[PDB]
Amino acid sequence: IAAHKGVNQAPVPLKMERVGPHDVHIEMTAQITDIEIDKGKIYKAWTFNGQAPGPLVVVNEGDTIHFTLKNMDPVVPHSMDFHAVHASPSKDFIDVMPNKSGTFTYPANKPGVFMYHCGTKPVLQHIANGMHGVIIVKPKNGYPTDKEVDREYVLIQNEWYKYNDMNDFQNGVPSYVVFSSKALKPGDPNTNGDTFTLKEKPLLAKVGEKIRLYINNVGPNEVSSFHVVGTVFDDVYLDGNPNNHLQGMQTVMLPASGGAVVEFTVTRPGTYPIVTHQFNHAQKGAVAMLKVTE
């Protein structure tokens, strides 16, 4: 794309504010931003807000979202599909033209860990170039195990392919498969999907803690076999719905776009790798680290 040559739009902060007991405003951008996905490898990503995956959104069950997308891409239209919401896709997930904005309103009635992504045709191209992310909807009555949790983080898995190559997107193996972490509280790391950041700067915890991870595999194409080395998941809630409760799982399978809330205890000091156990993907980048100290 000639109009993207030389373009590197600086990241713009997510804007969110509550406007009523059950209403929240969210404003995002669509923008073109260089991201280092592996050491020495820059991908000129199509992004929300200059992050890939995009910024974390958190709302409460029952919130209506008033969402605005400002399209900063000079030539390509973009859109937004939140898996959390009930909406008419042909009226509410529609394209915003370059240099324009669009506003859409829809309710988030269901708790869980949902994917969001651009919905512009061809959707594979927009997702693969980086237009994906997670929205968490907090359950009204929490999770049954809330009282046991000592620390929590968000992890997202995605793939990267050859740059803007539709043949590779459709028919090729991923070049990289990566984790990123998105901040829930001040001080938490907030990273892009790359092969190295969560190895060099591990997530942190204390010996004996029960950790909760909110996880989602945004794809675009692969399923995930999510596993924390050195522990077993005490509790798993599929898609983050409190009713979908499994216990004692070694590994949690996630479809493309699938999410979960997983909880586990770290019993001894050391560094605990976090992987997809499809080890071709782990070898291509999908290993994060959790450093546990006394």
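Start at 1 with the first residue shown and count on from there.
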Quiz item: Hey, which bit's got the bigger mean C-alpha B factor in the entry, 144-152 or 159-167?
Solution: 144-152
Self-check item: Comparing 32-40 with 255-263, the one whose average Cα B-factor in the PDB entry is higher
Solution: 32-40
Quiz item: Say you rank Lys201, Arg212, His83, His78 by Cα B-factor from the PDB entry; which sits at the top?
Solution: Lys201
Quiz item: Is the Cα B-factor recorded for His25 in the lowest, middle or highest third of its chain?
Solution: middle
Quiz item: Once the chain's modelled residues are ordered by C-alpha B factor and cut into thirds, is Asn192 in the lowest, middle or highest one?
Solution: middle
Self-check item: Third assignment of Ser224 from its chain's C-alpha B-factors
Solution: middle
Exercise. Using the B-factor values recorded in the entry, state whether the Cα atom of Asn243 falls in the lowest, middle or highest third among the modelled residues of its chain.
Key: highest
Self-check item: B-factor third for the C-alpha atom of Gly112 within its chain
Solution: middle
